[PDB]
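J.: Opening with a subset of the complex:
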Amino acid sequence: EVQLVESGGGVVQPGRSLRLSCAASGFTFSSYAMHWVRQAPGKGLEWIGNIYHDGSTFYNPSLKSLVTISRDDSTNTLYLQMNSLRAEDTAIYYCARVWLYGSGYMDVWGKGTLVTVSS
């Protein structure tokens, strides 16, 4: 059945890069658009990025140049490159999936990965 799993979380120095992976199992990776969302402890959810089958990446206007969304369809995976980490990016990250031939319901969700930045 449908399953999203994530990896790449941990406790890292600020300014060091990260590569968060979202592997999809059970459904064909095409015809769906993939989202990266984060939520901070004590704060609500904040949307990070979108990527489509074409390769069009759309980012939040609030945060610019910090992340890079990279889709791969040979092995049905999604990658996030995070650069110039600040102290405020301690958060739980989620991988989300919307169907391209409907409204923007995010359907099933990832379990989440923890990113803790410290000095």
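T.: Structure's in. What do you need? Residues are numbered from 1 along each chain as shown, chains lettered A, B, ... in the order given.
J.: buried residues in stretch A:25-38?
T.: Residues of stretch A:25-38 classed as buried by neighbour count (16 or more other CB atoms under 10 Å): A:29, A:32-38. Just so you know, the C-beta spots here come from the backbone N, C-alpha and C atoms, and that holds for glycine as well.
J.: now stretch A:70-87
T.: Quick answer for stretch A:70-87 (16+ other CB under 10 Å): A:71, A:76, A:78-80, A:82, A:85.
J.: Which of those residues sits closest to residue A:3?
T.: Proximity of these to residue A:3 (CB to CB) peaks at residue A:76, which lies at 10.9 Å.
J.: Chain B should go on the structure too:
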Amino acid sequence: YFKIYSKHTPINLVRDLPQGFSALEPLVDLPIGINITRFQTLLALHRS
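T.: With chain B added, the chains above now look like this:
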């Protein structure tokens, strides 16, 4: 809209309609939305 107005009157006249005034209260409005051009009363037989 099908408006049904009705009034019950206690009379004791034998043959014709009594002469008087009685305004009919609205009883029920029906949202039917259909064409009606003909009607027929329904009676009851007495069997013995």
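J.: Grab the most central residue of chain A for me.
T.: Centroid-nearest residue in chain A, with CA atoms, centre = their mean: residue A:36, separated by 2.8 Å.
J.: How about the contacts made by the nearest residue to residue A:2 once chain neighbours are set aside?
T.: Nearest non-adjacent residue to residue A:2, counting by CB to CB, 6 or more residues apart in numbering or on different chains: residue A:26, 4.6 Å away. Counting by CB atoms under 8 Å, 6 or more residues apart in numbering or on different chains, residue A:26 makes contact with A:1-3.
J.: Would you format the residues you listed as CSV with distance to residue A:20, neighbour count and secondary structure included?
T.: Formatted as CSV, the contacts of residue A:26 follow (distance: CB to CB, whole Å; neighbours: other CB atoms under 10 Å in any protein chain shown; DSSP: H, G, I helix; E, B strand; the rest coil):
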residue, distance to residue A:20, neighbour count, secondary structure
A:1, 23, 6, coil
A:2, 20, 10, coil
A:3, 17, 12, strand
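J.: Chain C goes on too:
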Amino acid sequence: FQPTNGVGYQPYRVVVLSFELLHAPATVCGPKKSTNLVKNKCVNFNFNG
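T.: Let me put chain C in with the others:
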């Protein structure tokens, strides 16, 4: 349709609601959230339309 199939081959039940706005009276309306009644004050009243 089998339970071992993944998402996309699973049976989906679909109900499609279509609305009609013909010259017939609008019998179908939304719910009517009645609030509490306040007296002796200049208020905007809406009683049954």
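J.: so, the buried residues of stretch A:70-87 revisited with chain C in the model?
T.: Of the residues in stretch A:70-87, A:71, A:76, A:78-80, A:82, A:85 count as buried by neighbour count, 16 or more other CB atoms under 10 Å in any protein chain shown.
J.: Need the contact partners of it.
T.: Under the criterion CB under 8 Å, 6+ apart, residues A:8, A:12-25, A:28-30, A:34, A:36, A:48-49, A:51-53, A:55, A:65-69, A:89, A:93, A:95, A:117, A:119 lie in contact with stretch A:70-87.
J.: can you give me the strands in chain C?
T.: Counting by DSSP state E, one finds no strands in chain C.
J.: thinking again about what came up before, mark which of the contacts of stretch A:70-87 are buried, thanks.
T.: Neighbour-count burial (16+ other CB under 10 Å) applied to those gives A:8, A:12, A:18, A:20, A:22-24, A:29, A:34, A:36, A:48-49, A:51, A:66-69, A:89, A:93, A:95, A:117.
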